[PDB]
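A single chain, nothing else alongside it, follows as structure tokens in the form deposited in one PDB entry.
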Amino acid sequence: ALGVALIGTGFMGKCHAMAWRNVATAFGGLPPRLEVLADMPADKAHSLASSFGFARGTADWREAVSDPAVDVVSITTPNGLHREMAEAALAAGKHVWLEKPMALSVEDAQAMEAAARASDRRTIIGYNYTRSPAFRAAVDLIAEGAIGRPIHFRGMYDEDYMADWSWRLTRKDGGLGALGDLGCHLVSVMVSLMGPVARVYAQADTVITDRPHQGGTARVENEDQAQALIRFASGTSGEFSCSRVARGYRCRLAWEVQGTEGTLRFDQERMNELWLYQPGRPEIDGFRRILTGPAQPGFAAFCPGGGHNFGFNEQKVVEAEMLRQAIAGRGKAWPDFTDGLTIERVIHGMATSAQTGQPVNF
């Protein structure tokens, strides 16, 4: 049974807590033991440790990583703390489940990538949109030749949370803006579908410059939206965007792969639907709405009946299981810190391209 440390209890902290709690319920084997939860202040950590089922809560994150009963550390803190916490966890001999993006800079991710190799421990980064049954089904369909050769990718990730204060808005805590917060997710899906990125040309904007209800000066330090044209190492084209100010959208990570023999389209706001076009007889020709069910990777561990909608949080249960199987030497987790470094190079290259008005080659 894997011993678990959890650092942070917010959006992702609670998501990881629920995932670790049910990974064996869904996939079998032994239930992970919830050992230590870290958060500030201490009374909050004690409270959440009690309700989450952790053996203790502490205000000292170092206390979580150094617990001998811990085998794996979930890190769900602001981006500015990822590098320090992940390097400490790896040095401590712990496997690491790190939230995206890796850190603030390419240099940070490079140091982390080197630390991971030196430690001989497993790493996985929290790119949970790669875990839906629909997404995994799409990957397999492409590999099987269902849409022929990919000839164009178009992807977006729109939300509007910033169009209504967060550490996400600072360079010391968040790093990049929309690119770092949402863009990296789109990259994780995009490269899994299309292969590695060879070239980007990008542009960006900040639409809301100051948080109007903060009272004191509250300068937004990073971008609200960005777009890029892509060339993949295959030579194929892509379109790419992200935004945290696109009003009306809440989790609109949407993508499509146009192939020579068909098209696949997906929208995370309806994460249980995968749209597949393949040529057919004229009288019955059109896109198929594939509703998520037990034929798709991972779904049958949660439900034997199709159409009982798989949830956002259940992607994290799948993610936990992939890390669990990697730790046992039964599969390879993706992306590890090496695969993740490439993703960081992409989003940071997009940022560079937007700043300079020049294409960036990889």
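Residues carry their position along the shown sequence, with the first being 1. Here the rigid core means the biggest group of C-alpha atoms that line up within 1.5 Å when the two forms are laid on top of each other.
Where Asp210 is followed by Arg211 in the displayed chain, the model omits none of the deposited residues that would sit between the two. The deposited model assigns a higher average Cα B-factor to 325 to 333 than to the other stretch when 325 to 333 and 58 to 66 are compared.
Comparing 314 to 322 with 38 to 46, the stretch with the higher mean C-alpha B-factor in the PDB entry is 38 to 46. Annotation for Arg122, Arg265, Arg250, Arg131: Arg122 ranks highest, by Cα B-factor.
Highest CA B-factor among the listed residues (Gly177, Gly238, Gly216, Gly126): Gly216. Ranked against the other modelled residues of its chain, the C-alpha B-factor of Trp165 as given in the entry falls in the highest third.
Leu276: CA B factor lies in the lowest third for its chain, per the PDB record. The deposited CA B-factor of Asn309 belongs to the lowest third of values across its chain.
In this PDB entry, the Cα temperature factor of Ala354 sits in the top third of its chain's modelled residues, the highest group. The entry lists a Cα temperature factor for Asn222 that places it in the middle third of the chain's modelled residues.
Beyond the structure shown, there is the form deposited in another entry, which is absent from this document and is the topic of what follows.
Note: rigid core superposed between this form and the one not shown; among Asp120, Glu107, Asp210, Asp285, the CA shift is 2 Å or more only at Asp210. Core-aligned CA deviation for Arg250 between this form and the one not shown: less than 2 Å. With the core held fixed, the Cα of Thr130 is displaced between this form and the one not shown by less than 2 Å.
Taking 2 Å as the criterion, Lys172 counts as shifted between this form and the one not shown: its C-alpha moves by at least this amount when the rigid core is aligned.
Shown here is a form in which the CA atoms of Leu104 and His213 lie at least 3 Å farther apart than they do in the other form.
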